[PDB]
Amino acid sequence: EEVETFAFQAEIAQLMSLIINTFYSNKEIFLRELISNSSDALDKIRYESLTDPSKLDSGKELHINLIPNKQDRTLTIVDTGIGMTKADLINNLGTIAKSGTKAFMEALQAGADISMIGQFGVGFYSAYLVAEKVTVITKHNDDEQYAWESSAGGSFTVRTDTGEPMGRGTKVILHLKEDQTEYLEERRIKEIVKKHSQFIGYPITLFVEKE
Ligand SMILES: CCNC(=O)c1nnn(-c2cc(C(C)C)c(O)cc2O)c1-c1ccc(CNCC2CCCCC2)cc1
């Protein structure tokens, strides 16, 4: 193996129903959240590079790419952000899933708008509105490349990854549900990016396919 399995420390089930009962009607939100996460990690590497420019030896270009693949039924979002160590990976998709759900449910009960979801650290899980499964590949300067994977059931895996090296950053592959292929269409992606992510301060490039 060298594959490790972790049980969700929270009810990810409770998070998932909250996300359904909050965004099922506007699923395109997932793109906003993932792009927003990318921008966050890009801000971090930018910031660290100011004090230590050798942080950029793993890649100088700071960007976000979107890659639909109809044949595979995947939407992939790549960024050249700071990436996650193994511990960052578990902290951000596991640990925070518990405390961030708790925090976000409290704020919603007190009247906060749903659009705050990203601020409670659980925006990533909106991906499960469109994806049956999600793989996260990540690389941080201070660690090896890892692959995280979950169908948002009771568990997720982490493994040392041995695919193509990214130099630094994070790639999220959405294995879309059969009924949500619309997020593979160029026009659709474009509209969502225009609508939600126009103020993102890094270039966001859609890779259109040939047909
Ligand atoms: C420890 C240093 N590493 C990073 O922080 C990092 N590196 N890559 N990413 C990253 C993560 C995701 C999701 C899988 C969680 C992503 O879609 C894209 C990313 O670049 C991240 C990342 C980790 C967490 C988040 C979530 N931020 C919530 C935060 C809460 C307080 C308000 C401001 C925003 C967003 C991006």
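We count ligands from 1, going down the list as the structure has it; atoms in each ligand are counted the same way. Along the sequence shown, residues are numbered consecutively beginning with 1.
Among protein heavy atoms, the minimum distance from atom 30 (C) of ligand 1 is reached at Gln119 O, 3.6 Å. The closest protein non-hydrogen atom to atom 27 (N) of ligand 1 is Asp40 OD2, 3.8 Å. Here the heavy atom of the protein found nearest to atom 8 (N) of ligand 1 is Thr170 OG1, 3.2 Å. Closest to atom 36 (C) of ligand 1, if we only count protein heavy atoms, is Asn37 O, 3.5 Å. Atom 11 (C) of ligand 1 has its closest protein heavy atom at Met84 CE, 3.6 Å. Here the protein heavy atom with the shortest distance to atom 24 (C) of ligand 1 is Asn92 OD1, 3.2 Å.
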Applying side chain to side chain contact (heavy atoms under 4.5 Å, CB included) to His175 and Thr135, what does each step give before you reach the verdict? CA-CA 8 Å; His175 307 264; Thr135 309; 3.4 Å; yes
Begin from the C-alpha positions of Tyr183 and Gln180 and carry the test side chain to side chain contact (heavy atoms under 4.5 Å, CB included) through to its verdict. CA-CA 6 Å; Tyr183 296 107; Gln180 302 291 325; 3.3 Å; yes
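Near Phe124, with a cut-off below 4.0 Å to any heavy atom, the atoms of ligand 1 are 13 (C), 14 (C). Annotation for ligand 1: atoms under 4.0 Å from non-hydrogen atoms of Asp79 are 18 (C), 19 (C), 20 (O). Here is the list of ligand 1 atoms found below 4.0 Å of a heavy atom in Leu34: 17 (O). Taking every non-hydrogen atom of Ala41 and a distance limit under 4.0 Å, the qualifying atoms of ligand 1 come out as 6 (C), 7 (N), 8 (N), 9 (N), 20 (O), 21 (C).
Within the set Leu89, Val172, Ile82, the minimum heavy-atom distance to atom 4 (C) of ligand 1 is found for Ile82.
Partner of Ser39 under the side-chain contact (heavy atoms from CB on, under 4.5 Å) criterion, out of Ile204, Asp79, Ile200: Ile200 alone.
In this structure, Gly83 has a heavy atom closer than 4.0 Å to ligand 1. At least one heavy atom of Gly118 sits less than 4.0 Å from an atom of ligand 1.
When all heavy atoms of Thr76 and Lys171 are compared, the closest pair comes out as CG2-CG, 3.4 Å.
To the nearest 0.5 Å, atom CZ of residue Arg159 and atom CD1 of residue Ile137 are 8.0 Å apart.
Outside the 6.0 Å centre-distance limit, the rings of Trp148 and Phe6 are not counted as a close aromatic pair.
Under the 4.0 angstrom criterion, atom 15 (C) of ligand 1 counts as having a protein heavy-atom contact. For atom 33 (C) of ligand 1, the nearest protein heavy atom lies 4.0 Å or farther away.
In this structure, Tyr128 and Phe124 have perpendicular ring planes: the angle between them is above 60°, well past the 30° mark.
Residue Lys44 has no nitrogen or oxygen atom sitting less than 3.5 Å from a nitrogen or oxygen atom of ligand 1, judged on distance alone.
At least one cation-pi condition fails for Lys27 and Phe23: the charged atom is not both under 6.0 angstrom from the six-membered ring centre and inside a 45 degree cone around its axis.
In terms of modelled atom types and a separation under 3.5 Å, the side chain of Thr74 and the main chain of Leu176 share no donor-acceptor contact.
Checked for salt-bridge contact, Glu28 and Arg188 meet the test: a charged N lies under 4.0 Å from a carboxylate O.
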